[PDB]
Every structure is written in C-alpha cells, then in structure tokens.
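Numbering (this note's numbering), first residue to last: 3 to 236.
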Amino acid sequence: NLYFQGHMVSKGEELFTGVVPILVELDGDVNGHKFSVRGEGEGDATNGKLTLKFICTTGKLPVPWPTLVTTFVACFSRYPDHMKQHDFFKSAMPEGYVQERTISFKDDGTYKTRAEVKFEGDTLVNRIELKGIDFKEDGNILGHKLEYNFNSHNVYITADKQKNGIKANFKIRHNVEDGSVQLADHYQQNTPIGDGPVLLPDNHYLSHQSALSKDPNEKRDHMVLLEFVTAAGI
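Now the structure itself:
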C-alpha cells in the first residue's frame, strides 16, 4: 500500500505545531572583511520561542554580535487564534520566503541582507548573504563599542499586495559602552519563494524580546540567543 510524506498532505501553520530544528548560515562581507556564521537550535511556534547558538566559523567576528541578531525566522512567532489569517510567514511554508533588509546605522555604514527562510528536509533553514559598506574603522560597529545585550522592539508589518508579500520598518537601539545608543534603521521586504497563495495580512506588529549569553566552554567566537516573539495589533 501507498506511503505519503508529511509535506504531501500538510502545509502552512500545521508544520509548526511541534518543535522544529533550525539551521542558520550567514556569509558576510563588511568593508571587505569576510566572515561566516553557522547557527543551530530549535523553534517552538506554539510558545513563540526559539533557542539558537551561533559560531563564527572564520575566526574572530569583525562586527559585534548584537548587530546581527535581527538577521539571525518570524515564522516561529506566536500568533493568537484571532490573528491566524494574518500570519504571512507560516502561510508561505514549506517553500518559504525571501527576506531582504537594509539596515542603516546612524552616523555609520549600512547592512544589506538577503535571506531565504524555508524547509530543507524537516529543518527550518535561514540562509543569509550580507554585505556591509561605508563603516567607520573607529565607529561603534567596527570598533566593537556595543554592549553585549539586546532591547525589546516591535516590528510593524504592512501588506505589499504589489509583490504578493510583506513590508516592515522599525528602529533597533543598540546600547553603546559609553552610555549612548547606536541606532539601526531597518527596512524590510518579504516575498514568497513559491507560487501558491499566501495570507496577506492587515497591519499588525511582532513584539520581540531577546536574551544574549555565552557558553564558558566554547572557545570559538560565538553567541547564545533566546528569543520570544508574539503577534499583536488587531
């Protein structure tokens, strides 16, 4: 008798009832400084929780770890039941979506990132290409003057019916070691990788909270990240 695979039958938010393994791979280039990062962990969409651990595979990371948190999977957001029809990220799965950002650091350079978030086998993969230009060698970023912590932020989402996708805009505040704040202007676009229909939502926001720590037994440059994300606004 016949055998049916999980994705032959199920799609969308149903692939996220359980705990999904995550793989993150980033190839970076900032002012000609090339680096790579590999991360792995789990995502629990029912609770809006994800745990990730990142290791710089090319040695010393040339930017501070907090500047990369936003680049390092909104499909694990906790959407309340009264907002199911507005969860674009889960509806594009398993084929996934493309996430593109421009991150303009105030008084400094800009990141441009292109990421594909999709299932590879039973693993949720976030594969990123990052290009950084016009950073100051003494600035807060290349000079490693950012504190190792992260603040909570809301990501304000609007539909983009033109490109069958999503748009978002938000400011990130990085604590600087001298007591000031380094601003990171995020502009974001999301478009489905596949051709199937996707939920295009009314205006709403994702609420992000993050916790960074270290593993004292890991000698490679690394970051441990706990994130909680929930949806709200309607």
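No residue lacks a Cβ here, since even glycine has one placed at the ideal position from N, Cα and C.
For residue 14, no pairing in a beta bridge is given by DSSP. Listed as beta-bridge partners of residue 109 by DSSP are no residues whatsoever. In the three-state DSSP reduction, residue 163 falls in the helix class (H, G or I). Taking 8 Å as the cut-off, the Cβ atoms of residue 174 and residue 72 count as close. The C-alpha of residue 133 lies about 5 Å from the C-alpha of residue 114. Sixteen is the threshold: since fewer than 16 other Cβ atoms of the shown chains lie within 10 Å of the Cβ of residue 5, the residue is exposed.
Residue 191 and residue 217 have their alpha carbons spaced roughly 34 Å apart. Residue pairing for residue 176: DSSP places it in a beta bridge opposite 184. Residue 93 is not a Cβ neighbour of residue 208, given a cutoff of 8 Å.
DSSP places residue 7 in the coil class of the three-state scheme, outside both helix and strand. When DSSP reads this structure, residue 29 sits in a beta bridge with 38, 131. The segment 145-159 makes contact with the segment 175-186, as at least three CB pairs between them are under 8 Å. Residue 116 sits away from residue 189, with the two beta carbons spaced by 8 Å or more. In the structure shown, residue 117 falls within a strand segment according to DSSP collapsed to helix, strand and coil. Residue 228 carries a strand assignment under DSSP once its states are collapsed to helix, strand and coil.
If you check the CB distance, residue 203 and residue 90 come in under 8 Å.
For residue 83, the secondary structure class from DSSP, reduced to helix, strand or coil, is helix. For residue 154, there is no enclosing alpha helix (DSSP H), as DSSP gives it neither H nor E.
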